[PDB]
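Below: one structure, written as structure tokens.
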Amino acid sequence: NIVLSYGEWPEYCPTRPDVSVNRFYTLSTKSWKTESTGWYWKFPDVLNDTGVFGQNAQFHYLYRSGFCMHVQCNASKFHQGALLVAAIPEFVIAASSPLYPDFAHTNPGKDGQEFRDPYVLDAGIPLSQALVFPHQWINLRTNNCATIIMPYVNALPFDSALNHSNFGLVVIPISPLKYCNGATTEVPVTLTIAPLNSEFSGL
Amino acid sequence: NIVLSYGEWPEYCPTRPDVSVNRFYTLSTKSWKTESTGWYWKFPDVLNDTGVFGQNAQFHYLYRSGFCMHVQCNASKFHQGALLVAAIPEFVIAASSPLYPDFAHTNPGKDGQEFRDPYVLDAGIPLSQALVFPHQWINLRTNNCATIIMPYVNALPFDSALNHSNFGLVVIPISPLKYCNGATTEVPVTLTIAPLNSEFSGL
Amino acid sequence: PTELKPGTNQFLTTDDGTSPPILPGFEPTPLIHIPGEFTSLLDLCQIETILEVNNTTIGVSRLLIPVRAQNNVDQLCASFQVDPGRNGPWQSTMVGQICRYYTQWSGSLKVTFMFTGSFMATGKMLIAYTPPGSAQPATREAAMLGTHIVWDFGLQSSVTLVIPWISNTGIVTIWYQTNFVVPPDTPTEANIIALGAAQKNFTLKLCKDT
Amino acid sequence: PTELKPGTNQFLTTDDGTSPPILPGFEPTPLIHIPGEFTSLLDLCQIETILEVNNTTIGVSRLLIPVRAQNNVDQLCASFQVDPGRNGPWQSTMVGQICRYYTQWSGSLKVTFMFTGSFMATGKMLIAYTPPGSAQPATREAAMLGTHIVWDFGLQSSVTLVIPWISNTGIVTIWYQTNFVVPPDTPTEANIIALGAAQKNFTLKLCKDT
Amino acid sequence: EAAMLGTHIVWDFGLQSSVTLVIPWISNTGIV
Amino acid sequence: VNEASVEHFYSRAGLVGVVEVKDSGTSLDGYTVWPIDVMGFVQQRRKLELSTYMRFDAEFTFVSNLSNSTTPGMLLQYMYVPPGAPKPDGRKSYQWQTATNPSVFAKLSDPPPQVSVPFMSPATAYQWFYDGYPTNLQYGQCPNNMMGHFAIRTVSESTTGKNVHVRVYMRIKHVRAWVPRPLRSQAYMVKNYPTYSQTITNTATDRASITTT
Amino acid sequence: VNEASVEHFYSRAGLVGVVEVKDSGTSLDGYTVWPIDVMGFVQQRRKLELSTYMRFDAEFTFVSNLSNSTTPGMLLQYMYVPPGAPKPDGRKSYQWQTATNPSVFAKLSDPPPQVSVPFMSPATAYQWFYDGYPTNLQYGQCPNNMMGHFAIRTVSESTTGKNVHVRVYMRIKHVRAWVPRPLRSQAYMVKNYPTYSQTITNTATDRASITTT
């Protein structure tokens with residue numbers, strides 16, 4: 001039903017933002033085609049531009065928060081295929097060589113990024129074992145939605161929002177999307193993220 | 001009267017066979033001639049073919065049991081000579097050289113095997129000291145019968161019935177058979193074995 | 001008045017001793033709570049992770065075993081052995097990778113099957129498990145006479161099989177009970193994915209390099 | 001402040017010390033019950049085992065001492081000394097083989113005689129025991145004046161003789177008291193077998209290689 | 001050997017001069 | 001179930017580096033420095049990366065000899081440069097004095113020197129994975145995992161003609177480990193970076209078919 | 001009556017093997033491996049076979065010197081390869097690293113190294129007699145009596161010209177023994193197998209007659 005990451009709720013350890021910064025932020029919808037592979041957002045990065053959250057995170061010096069993130073998918077009963085959603089702390093991507101990953105890959109922004117090599121998760125680690133992180137399944141016949149709550153996990157009490165990314169959210173289609181002719185080609189995948197117990201310091 | 005081997009009764013430590021597998025199994029009769037030397041059965045091997053016991057022991061993966069074994073001899077009062085019956089755990093035969101023993105010698109079957117060199121027990125160990133194992137005497141003037149109960153003794157809790165033999169039963173005529181003319185030449189030696197507290201696992 | 005025994009001057013070994021502090025009076029940064037502390041590797045064996053049953057001579061397509069309408073009712077979909085330390089499907093699982101760091105292991109395992117097809121699809125599969133001594137079944141009817149389960153796509157989208165015990169072996173096969181049934185305007189083929197894990201009684205012995 | 005004594009750096013010896021564990025944290029497989037545990041060699045001396053009295057210049061025929069109708073009534077069937085550590089009949093016994101691993105031994109022994117002839121046979125034997133100082137008896141009548149027993153085949157099929165004490169010597173001889181008596185149609189010769197063992201008070205000292 | 005795997009008795013002349021066998025049920029068939 | 005603990009799995013002492021002073025040959029320099037690196041070998045690098053954060057105390061031992069595996073008595077200095085201090089320039093450099101830098105004086109004849117280093121990080125734990133920039137090269141680096149440099153020296157007036165080989169061993173004590181991470185399938189390319197080769201190796205070996213020893 | 005115990009009868013330390021590294025001669029190899037074998041000598045083989053099963057802890061000591069019975073200080077490595085691990089191929093092989101393989105570093109000058117090996121069997125006891133096939137050669141063999149290989153090495157850059165002779169001793173501790181077995185009359189032919197010669201030797205010596213010192 002609902003996944004608590006590592007068994008804990010987020011909590012306070014500064015100025016504490018209220019309802020203005022704690023609302024739901026609905027990101028633009030991704031389309032999952034039969035040919036599609038993967039996405040990863042890697043926030044706090046994703047909300048640094050948008051809204052009041054982005055205003056606080058840029059002009060305050062130190063940062064702490066935790067996130068509720070809801071992934072949900074609109075498909076008919078004639079569409080099939082499965083997704084895997086995971087939240088991986090300190091998710092450090094890599095370069096594949098014929099060498100540093102480019103900033104557009106490391107900090108993809110509010111629109112996320114595509115996997116080149118989902119099988120290695122672009123980290124050189126198997127996707128088979130990505131189930132060791134907090135995860136949920138979306139099987140289009142069983143369910144349309146997945147929800148994960150991530151508490152703040154870092155070595156330091158606070159850290160900077162712009163330099164350091166605490167974790168990343170990966171949505172991968174292990175079983176491809178198949179549909180008979182006449183059906184809608186793209187199946188939309190939308191992402192809604194509400195920060196919880198967020199604190200800012202050093203305005 | 002009756003020999004408990006090493007002072008213990010067999011006992012459970014799986015499916016437990018009942019009366020169908022716990023009955024008496026009478027093996028074909030051996031004839032002890034004045035010229036005869038020795039026999040050894042070396043079971044569980046002997047019952048792996050015969051009856052319901054053999055059905056269980058072949059198709060189950062692991063095995064445990066203990067045996068009651070009754071040796072008895074039909075002779076008149078004009079026959080003489082003595083036998084020694086022993087049950088030796090982990091009885092490993094050998095080759096005499098002018099070199100591995102042949103499978104017909106190591107696993108003799110339901111008909112047993114003859115000793116070449118009873119004096120060394122075909123192990124290179126003296127027959128004089130075979131009395132250190134659980135043993136009984138048959139002296140044709142004193143008694144016709146010998147009975148030994150052997151509990152399950154192994155290093156492992158269960159083991160395989162086909163590969164590993166837990167012990168062996170040796171019947172040796174230390175004092176040869178003599179009879180005056182007109183008497184029956186052969187003296188029959190028959191062997192009846194009832195397994196006790198037998199367990200099977202991994203069908 | 002003391003005497004020195006044969007083992008005196010040696011450092012050869014894994015001995016747990018006591019050394020001098022190199023910086024006395026130094027204060028390490030204090031502990032704070034970090035969520036997610038794992039104190040034993042034996043509960044990393046117990047999470048289900050995707051198992052490559054396909055692994056035929058492909059990428060992310062090695063993780064899923066295809067199923068379709070095969071026009072021959074009784075047929076073998078797939079099979080794999082149940083030993084996690086051996087080279088094969090279990091190398092992708094987490095229980096299989098941390099068995100490669102130890103010499104011995106024992107216990108019970110479970111396997112979970114998810115059917116990924118459309119909501120409209122219907123059928124049955126037969127999932128059989130053969131003990132360590134026996135060779136795998138030749139036919140569907142030989143497979144039902146042992147441990148098995150019949151599993152229905154429409155009613156049940158996931159099924160679990162607990163294999164009873166294993167040591168460093170048992171084979172599990174999947175059979176078509178029925179044909180793959182669909183209404184018109186629906187895709188005719190689908191997938192299944194397996195997830196390997198270890199039970200509570202699983203144990204490990206004598207660490208070794210991988 | 002310590003000082004090192006003259007015996008410091010030596011490993012020459014049988015000293016019972018303490019070494020470091022080479023694999024700390026390793027768990028040996030637990031104990032289960034195995035029947036037949038023997039905790040002392042001194043109760044292996046106490047089982048009766050067959051004694052080669054014959055051992056004349058033959059195989060399994062060396063274990064048994066033949067008896068027949070000898071037509072001379074008073075005669076010596078056989079004789080053997082009573083020391084188990086010495087070369088001779090007692091090498092076949094178990095008490096004699098584990099005396100060869102020790103320097104000294106002392107205590108009481110017993111000897112058992114079984115008559116293997118036919119149920120129809122009848123007769124008497126005289127079994128005598130001569131102390132360590134004295135030479136063996138020349139005649140039957142000299143043998144009865146010391147320790148002896150007369151033993152009857154028909155009445156008694158086995159007899160026992162406890163020799164009182166011995167140290168690392170005593171001789172036991174067997175005499176014909178009567179002729180060997182049989183009805184017609186019966187074999188005229190038979191055998192006897194001896195079994196050596198040690199008593200409860202037997203002890204061993206200062207282990208040695210064999 | 002096929003006969004001992006079913007109902008049987010082994011009978012000894014010296015020890016026992018007579019033996020009895022009760023056949024369990026019959027109708028108007030069994031062989032001994 | 002004790003051998004499956006996280007504290008037993010990291011237990012033993014193992015070879016963390018091999019270094020040489022070499023003042024005999026064309027190199028008359030006569031000293032060496034060795035930045036403490038736990039992951040220098042790929043066998044231990046892959047076991048550590050099973051965890052994102054971990055906190056431990058270390059125990060170092062120095063097994064030293066000559067090219068003959070002979071150990072004549074001659075005096076060596078093992079100094080310790082904690083993080084944030086300068087390294088020696090040469091044999092006679094003043095950093096070989098400097099009382100704050102702990103040093104150990106031991107002959108080749110003596111049993112191996114041994115000493116214990118605390119937890120040196122400014123953070124509460126060591127980060128083996130860091131997603132972010134500490135301020136291209138800078139991506140994924142932790143400046144706060146540095147433990148210090150050691151730097152062995154032979155105490156000599158000038159130029160002995162002997163090369164001294166020294167082997168360093170490390171134990172992990174009082175270890176505590178946090179959120180788990182999968183084990184790397186791909187081979188490593190370079191020391192610090194995760195980067196992997198363009199040709200992907202499969203995780204499981206191939207068999208003839210999906211049906212099938 | 002204490003000297004007749006089963007625990008006193010197995011008590012003392014005794015020579016269980018003699019091995020040599022020999023990098024001086026036509027053999028420049030410079031190392032050796034020694035599979036642990038308790039029965040290597042027929043005197044101890046015959047005492048052990050008095051029991052079918054037994055369970056004990058072992059204690060090893062290494063007495064090492066040169067061909068002169070001289071012991072100059074030079075560094076040796078005594079590793080331990082537990083059952084199920086690979087052996088070293090050569091002097092520089094990576095198995096000489098491998099932290100799981102316990103190793104001891106001791107000079108020839110030092111008193112003999114000493115270390116203690118636990119009970120290593122998967123079974124509850126060691127089987128000196130096994131009637132059966134573990135799966136001709138295979139008859140009567142126990143794969144689970146293997147204790148590991150040791151493998152001494154001199155720690156040397158290359159090719160010293162010295163042969164090192166090392167003697168291994170073993171103690172039996174905490175011994176427990178099960179069902180007794182008679183002692184072998186016949187001489188042994190080959191190491192593992194019971195096989196005996198075609199010409200039988202009598203157990204007791206001959207005298208002139210049954211009558212008769």
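So you can find residues: chains in the structure tokens are A, B, ... in the order shown, residues in each start at 1, and ligands are numbered from 1 in order.
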
Please identify all polymer residues within 7 Å of residue D:179, counting only C-alpha atoms, omitting same-chain residues fewer than 6 positions from it, and present them as an MDAnalysis selection string. chainID D and resid 69 71 73 123

Could you make a table, as a tab-separated table, of the residues of chain B that have an atom within 9 Å of an atom of chain D, each with its nearest atom pair and distance in Å to one decimal, counting only C-alpha atoms, in chain and number order?
```
residue	atom	partner	partner_atom	distance
B:5	CA	D:36	CA	8.5
B:6	CA	D:36	CA	5.3
B:7	CA	D:36	CA	8.0
B:8	CA	D:35	CA	7.2
B:77	CA	D:119	CA	5.6
B:78	CA	D:186	CA	5.9
B:79	CA	D:118	CA	6.0
B:80	CA	D:118	CA	4.6
B:81	CA	D:116	CA	5.7
B:82	CA	D:116	CA	6.3
B:117	CA	D:59	CA	8.8
B:118	CA	D:60	CA	7.5
B:119	CA	D:60	CA	5.3
B:126	CA	D:92	CA	7.4
B:127	CA	D:50	CA	8.1
B:128	CA	D:50	CA	4.6
B:129	CA	D:49	CA	5.4
B:130	CA	D:49	CA	7.6
B:131	CA	D:49	CA	5.7
B:132	CA	D:47	CA	6.8
B:139	CA	D:116	CA	6.6
B:140	CA	D:118	CA	7.5
B:141	CA	D:119	CA	4.7
B:142	CA	D:157	CA	7.4
B:151	CA	D:35	CA	8.1
B:152	CA	D:35	CA	8.3
B:153	CA	D:34	CA	6.2
B:154	CA	D:34	CA	6.9
B:155	CA	D:34	CA	7.0
B:156	CA	D:32	CA	8.5
B:157	CA	D:32	CA	8.1
B:174	CA	D:60	CA	6.8
B:175	CA	D:191	CA	7.2
B:178	CA	D:187	CA	6.8
B:179	CA	D:187	CA	5.9
B:180	CA	D:186	CA	5.4
B:181	CA	D:185	CA	7.3
B:182	CA	D:185	CA	8.3
B:183	CA	D:185	CA	8.9
```

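Counting only C-alpha atoms, residue F:127 has the following residues at most 8 Å away, ignoring those fewer than 6 positions along the same chain: residues 155 of chain A; 52, 53, 54, 142 and 145 of chain F.
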
Contacts of residue G:115 within 9 Å, only C-alpha atoms, excl. fewer than 3 positions in-chain, as a ChimeraX atom specification: /C:7 /D:18-22 /G:58-61,104

For N, CA, C and O atoms, I'd like the residues from the last selection saved as a CSV table (one decimal), in the first residue's frame.
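Okay, again_3.csv is ready:
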```csv
chain,number,residue,atom,x,y,z
C,7,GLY,N,55.1,-18.9,21.0
C,7,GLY,CA,54.4,-18.1,20.1
C,7,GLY,C,54.7,-16.6,20.2
C,7,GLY,O,53.9,-15.8,19.8
D,18,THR,N,48.8,-22.7,25.7
D,18,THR,CA,47.7,-22.1,25.0
D,18,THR,C,48.1,-21.3,23.8
D,18,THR,O,49.0,-20.5,24.0
D,19,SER,N,47.6,-21.6,22.7
D,19,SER,CA,47.9,-20.9,21.4
D,19,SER,C,46.8,-19.9,21.1
D,19,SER,O,45.7,-20.0,21.7
D,20,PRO,N,47.0,-19.1,20.1
D,20,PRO,CA,45.9,-18.3,19.6
D,20,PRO,C,45.0,-19.1,18.7
D,20,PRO,O,45.4,-20.0,17.9
D,21,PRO,N,43.7,-18.8,18.7
D,21,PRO,CA,42.8,-19.4,17.7
D,21,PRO,C,43.1,-18.9,16.3
D,21,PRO,O,43.3,-17.7,16.1
D,22,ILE,N,43.2,-19.8,15.3
D,22,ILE,CA,43.6,-19.3,14.0
D,22,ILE,C,42.4,-18.7,13.3
D,22,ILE,O,42.6,-17.8,12.5
G,58,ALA,N,43.3,-29.2,17.1
G,58,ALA,CA,44.7,-29.4,16.8
G,58,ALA,C,45.6,-28.1,17.1
G,58,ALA,O,45.1,-27.0,17.1
G,59,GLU,N,46.8,-28.3,17.4
G,59,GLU,CA,47.8,-27.3,17.7
G,59,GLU,C,49.1,-27.5,17.0
G,59,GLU,O,49.8,-28.5,17.3
G,60,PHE,N,49.5,-26.6,16.1
G,60,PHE,CA,50.6,-26.8,15.2
G,60,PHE,C,51.8,-25.9,15.7
G,60,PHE,O,51.6,-24.8,16.1
G,61,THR,N,53.0,-26.4,15.5
G,61,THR,CA,54.2,-25.7,15.9
G,61,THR,C,55.2,-25.9,14.7
G,61,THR,O,55.3,-27.1,14.2
G,104,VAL,N,50.9,-16.0,9.3
G,104,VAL,CA,51.8,-15.7,10.4
G,104,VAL,C,53.1,-15.3,9.8
G,104,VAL,O,53.7,-15.9,8.9
```

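For the pair atom CA of residue D:66 and atom CA of residue B:188, the interatomic distance is 25.1 Å.
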
Using DSSP on the backbone coordinates, identify the residues of stretch 86-126 of chain D assigned to strand (DSSP E); present them as number ranges by chain. D: 102-106, 109-115, 124-126

Export of the given selection (C-alpha atoms) as an mmCIF file, in the first residue's frame:
```
data_model
loop_
_atom_site.group_PDB
_atom_site.id
_atom_site.type_symbol
_atom_site.label_atom_id
_atom_site.label_comp_id
_atom_site.auth_asym_id
_atom_site.auth_seq_id
_atom_site.Cartn_x
_atom_site.Cartn_y
_atom_site.Cartn_z
ATOM 1 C CA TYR D 102 53.122 -49.101 28.022
ATOM 2 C CA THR D 103 56.193 -49.798 30.111
ATOM 3 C CA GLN D 104 54.587 -51.358 33.206
ATOM 4 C CA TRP D 105 51.387 -53.211 34.061
ATOM 5 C CA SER D 106 49.986 -55.107 37.029
ATOM 6 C CA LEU D 109 43.762 -61.921 34.597
ATOM 7 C CA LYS D 110 41.161 -64.544 33.746
ATOM 8 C CA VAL D 111 41.106 -67.283 31.111
ATOM 9 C CA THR D 112 38.002 -69.000 29.727
ATOM 10 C CA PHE D 113 37.936 -72.417 28.047
ATOM 11 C CA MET D 114 35.208 -73.557 25.643
ATOM 12 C CA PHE D 115 34.839 -77.181 24.570
ATOM 13 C CA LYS D 124 37.513 -84.717 32.084
ATOM 14 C CA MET D 125 40.456 -82.333 31.882
ATOM 15 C CA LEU D 126 42.755 -81.019 34.604
#
```

Report, in Å with one decimal, the straight-line distance from atom CA of residue G:43 to atom CA of residue B:125.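 These atoms are spaced 15.7 Å apart.
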
List every residue of stretch 10-161 of chain F that DSSP, applied to the backbone, labels as alpha helix (DSSP H), and write the result as a ChimeraX atom specification. /F:42-48

Suppose we keep C-alpha atoms; can you now write the selection as an mmCIF file, in the first residue's frame?
```cif
data_model
loop_
_atom_site.group_PDB
_atom_site.id
_atom_site.type_symbol
_atom_site.label_atom_id
_atom_site.label_comp_id
_atom_site.auth_asym_id
_atom_site.auth_seq_id
_atom_site.Cartn_x
_atom_site.Cartn_y
_atom_site.Cartn_z
ATOM 1 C CA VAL F 42 39.395 -4.033 -5.926
ATOM 2 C CA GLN F 43 38.653 -7.021 -3.697
ATOM 3 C CA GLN F 44 38.238 -4.845 -0.603
ATOM 4 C CA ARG F 45 36.734 -1.986 -2.608
ATOM 5 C CA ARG F 46 33.770 -4.160 -3.557
ATOM 6 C CA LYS F 47 33.076 -5.363 -0.011
ATOM 7 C CA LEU F 48 33.083 -1.837 1.393
#
```

Set the cut-off to 6 Å and count only C-alpha atoms: what are the residues of chain F that reach chain C? Output as a PyMOL selection string. chain F and resi 4-6+12-13+111+115-117+119+124+177-179+203-207+209-211

I'd like the interatomic distance between atom CA of residue C:134 and atom CA of residue C:176, to a tenth of an Å.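 For atom CA of residue C:134 relative to atom CA of residue C:176, the distance reads 21.4 Å.
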
What residues in chain F lie within 12 Å of chain G, counting only C-alpha atoms, written as a PyMOL selection string? chain F and resi 8-18+20+41-44+61-73+108-112+163-171

Counting only C-alpha atoms, chain E residues within 12 Å of chain B, as JSON, numbers by chain: {"E": [1, 2, 3, 4, 5, 6, 7, 8, 9, 10, 12, 13, 14, 15]}

Mind writing the picked residues with N, CA, C and O atoms as a short mmCIF file (atom, residue, chain, number, x, y, z; two decimals), in the first residue's frame?
```cif
data_model
loop_
_atom_site.label_atom_id
_atom_site.label_comp_id
_atom_site.auth_asym_id
_atom_site.auth_seq_id
_atom_site.Cartn_x
_atom_site.Cartn_y
_atom_site.Cartn_z
N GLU E 1 11.20 -66.52 -2.47
CA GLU E 1 11.36 -65.15 -2.02
C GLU E 1 10.12 -64.32 -2.29
O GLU E 1 9.85 -63.36 -1.57
N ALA E 2 9.37 -64.66 -3.34
CA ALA E 2 8.10 -63.99 -3.57
C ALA E 2 7.07 -64.41 -2.54
O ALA E 2 6.15 -63.65 -2.23
N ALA E 3 7.20 -65.62 -2.00
CA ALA E 3 6.22 -66.12 -1.05
C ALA E 3 6.39 -65.52 0.34
O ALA E 3 5.40 -65.40 1.07
N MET E 4 7.61 -65.14 0.71
CA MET E 4 7.82 -64.55 2.03
C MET E 4 7.38 -63.10 2.11
O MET E 4 7.25 -62.57 3.21
N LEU E 5 7.18 -62.44 0.98
CA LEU E 5 6.82 -61.04 1.02
C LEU E 5 5.35 -60.82 1.37
O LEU E 5 4.97 -59.70 1.69
N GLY E 6 4.54 -61.87 1.32
CA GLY E 6 3.17 -61.82 1.77
C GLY E 6 3.00 -62.51 3.11
O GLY E 6 3.93 -62.61 3.91
N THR E 7 1.79 -62.99 3.35
CA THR E 7 1.53 -63.75 4.56
C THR E 7 2.30 -65.06 4.54
O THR E 7 2.20 -65.83 3.59
N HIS E 8 3.07 -65.32 5.60
CA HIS E 8 3.80 -66.57 5.68
C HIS E 8 4.10 -66.87 7.13
O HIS E 8 3.86 -66.06 8.02
N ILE E 9 4.66 -68.06 7.36
CA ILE E 9 5.26 -68.46 8.62
C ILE E 9 6.41 -69.40 8.30
O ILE E 9 6.29 -70.26 7.42
N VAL E 10 7.53 -69.24 9.00
CA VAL E 10 8.61 -70.22 8.96
C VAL E 10 8.44 -71.16 10.13
O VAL E 10 8.17 -70.73 11.26
N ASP E 12 9.72 -74.81 12.20
CA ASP E 12 10.91 -75.57 12.52
C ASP E 12 10.51 -76.91 13.12
O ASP E 12 9.75 -76.96 14.09
N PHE E 13 11.05 -78.00 12.55
CA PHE E 13 10.65 -79.34 12.95
C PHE E 13 11.07 -79.64 14.38
O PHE E 13 10.28 -80.17 15.17
N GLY E 14 12.33 -79.37 14.70
CA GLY E 14 12.83 -79.71 16.02
C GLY E 14 12.06 -78.99 17.11
O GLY E 14 11.60 -79.61 18.07
N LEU E 15 11.89 -77.69 16.96
CA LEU E 15 11.26 -76.90 18.01
C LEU E 15 9.77 -77.17 18.10
O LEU E 15 9.21 -77.24 19.20
#
```

Quick one: everything within 10 Å of residue G:151, counting only C-alpha atoms, minus sequence neighbours fewer than 6 positions away in the same chain. Send it as a PyMOL selection string. chain G and resi 19+21+31-36+77-81+87-88+96+103

Would you save the residues of that selection, restricted to C-alpha atoms, as a CSV table (one decimal), in the first residue's frame?
```
chain,number,residue,atom,x,y,z
G,19,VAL,CA,58.9,-30.0,4.3
G,21,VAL,CA,61.1,-24.5,0.5
G,31,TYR,CA,57.8,-21.8,-1.6
G,32,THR,CA,56.0,-25.0,-0.6
G,33,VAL,CA,52.5,-26.3,0.2
G,34,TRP,CA,51.8,-29.0,2.8
G,35,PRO,CA,48.3,-30.6,2.9
G,36,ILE,CA,47.5,-31.4,6.5
G,77,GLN,CA,55.3,-16.3,5.9
G,78,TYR,CA,53.2,-19.3,7.1
G,79,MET,CA,49.7,-19.0,5.6
G,80,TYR,CA,46.7,-21.3,6.2
G,81,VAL,CA,44.4,-22.3,3.4
G,87,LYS,CA,46.4,-22.8,-3.2
G,88,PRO,CA,49.1,-20.4,-4.3
G,96,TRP,CA,49.5,-14.8,-0.6
G,103,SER,CA,49.0,-15.9,7.9
```

Using only C-alpha atoms, which chain F residues lie at most 12 Å away from chain A, written as a PyMOL selection string? chain F and resi 46+49-55+121-142+144+177-204

Once you have the residues from the selection above, write them out as a short mmCIF file (atom, residue, chain, number, x, y, z; two decimals), in the first residue's frame, restricted to C-alpha atoms.
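Result written to out27.cif:
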```cif
data_model
loop_
_atom_site.label_atom_id
_atom_site.label_comp_id
_atom_site.auth_asym_id
_atom_site.auth_seq_id
_atom_site.Cartn_x
_atom_site.Cartn_y
_atom_site.Cartn_z
CA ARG F 46 33.77 -4.16 -3.56
CA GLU F 49 30.70 -0.52 -1.25
CA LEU F 50 27.97 -2.82 0.08
CA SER F 51 27.24 0.14 2.39
CA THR F 52 26.73 3.84 1.75
CA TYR F 53 27.98 5.06 5.16
CA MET F 54 30.21 3.40 7.71
CA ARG F 55 32.18 4.27 10.83
CA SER F 121 36.11 12.24 9.74
CA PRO F 122 34.37 15.58 10.31
CA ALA F 123 31.13 13.82 9.33
CA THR F 124 29.59 11.21 11.60
CA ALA F 125 30.52 8.49 9.07
CA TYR F 126 32.54 7.79 5.96
CA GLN F 127 30.69 8.25 2.67
CA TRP F 128 31.67 5.83 -0.04
CA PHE F 129 29.04 7.33 -2.36
CA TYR F 130 28.55 11.09 -2.61
CA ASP F 131 26.13 12.56 -5.12
CA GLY F 132 27.07 16.18 -5.57
CA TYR F 133 29.86 18.68 -5.99
CA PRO F 134 31.98 19.59 -2.95
CA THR F 135 32.16 23.21 -4.11
CA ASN F 136 33.82 17.88 -13.90
CA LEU F 137 36.53 16.24 -11.82
CA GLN F 138 34.77 17.35 -8.66
CA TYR F 139 31.64 15.23 -9.15
CA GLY F 140 31.24 12.47 -6.59
CA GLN F 141 34.27 13.20 -4.40
CA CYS F 142 34.47 13.26 -0.61
CA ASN F 144 36.47 14.32 4.25
CA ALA F 177 27.22 0.18 8.59
CA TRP F 178 24.21 1.95 7.07
CA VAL F 179 21.88 1.77 4.13
CA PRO F 180 22.76 -1.22 1.93
CA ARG F 181 23.76 -1.04 -1.70
CA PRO F 182 24.00 -3.74 -4.39
CA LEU F 183 27.32 -5.28 -5.40
CA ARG F 184 29.01 -4.15 -8.60
CA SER F 185 28.61 -6.36 -11.66
CA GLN F 186 30.81 -4.39 -14.05
CA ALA F 187 34.57 -4.26 -13.85
CA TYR F 188 36.17 -1.11 -12.50
CA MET F 189 37.90 1.33 -14.85
CA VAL F 190 39.61 3.97 -12.68
CA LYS F 191 40.23 4.35 -8.96
CA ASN F 192 37.83 7.02 -7.76
CA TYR F 193 35.08 7.06 -10.30
CA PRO F 194 32.22 4.59 -10.87
CA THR F 195 32.80 4.66 -14.64
CA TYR F 196 32.37 1.38 -16.50
CA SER F 197 33.20 0.09 -19.97
CA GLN F 198 30.97 0.45 -23.01
CA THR F 199 30.71 -3.33 -23.47
CA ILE F 200 28.29 -4.62 -20.85
CA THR F 201 28.97 -7.98 -19.23
CA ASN F 202 25.95 -10.02 -18.22
CA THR F 203 25.37 -10.87 -14.59
CA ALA F 204 24.49 -14.54 -15.10
#
```

Need the shell around residue A:33: protein/DNA/RNA residues with any atom at most 7 Å away, counting only C-alpha atoms. Skip same-chain ones fewer than 2 positions apart. Format as a list in words?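 In the requested form, the answer reads residues 31, 35, 36, 177, 185, 186 and 187 of chain A.
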
Option closest in space to residue B:158, from B:200, B:9, B:39, B:67 [counting only C-alpha atoms]: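 Counting only C-alpha atoms, the residue closest to residue B:158 is B:200.
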
Within 8 Å of residue C:132, counting only C-alpha atoms, which residues qualify if same-chain residues fewer than 5 places away don't, as number ranges by chain? B: 61, 202; C: 169-171
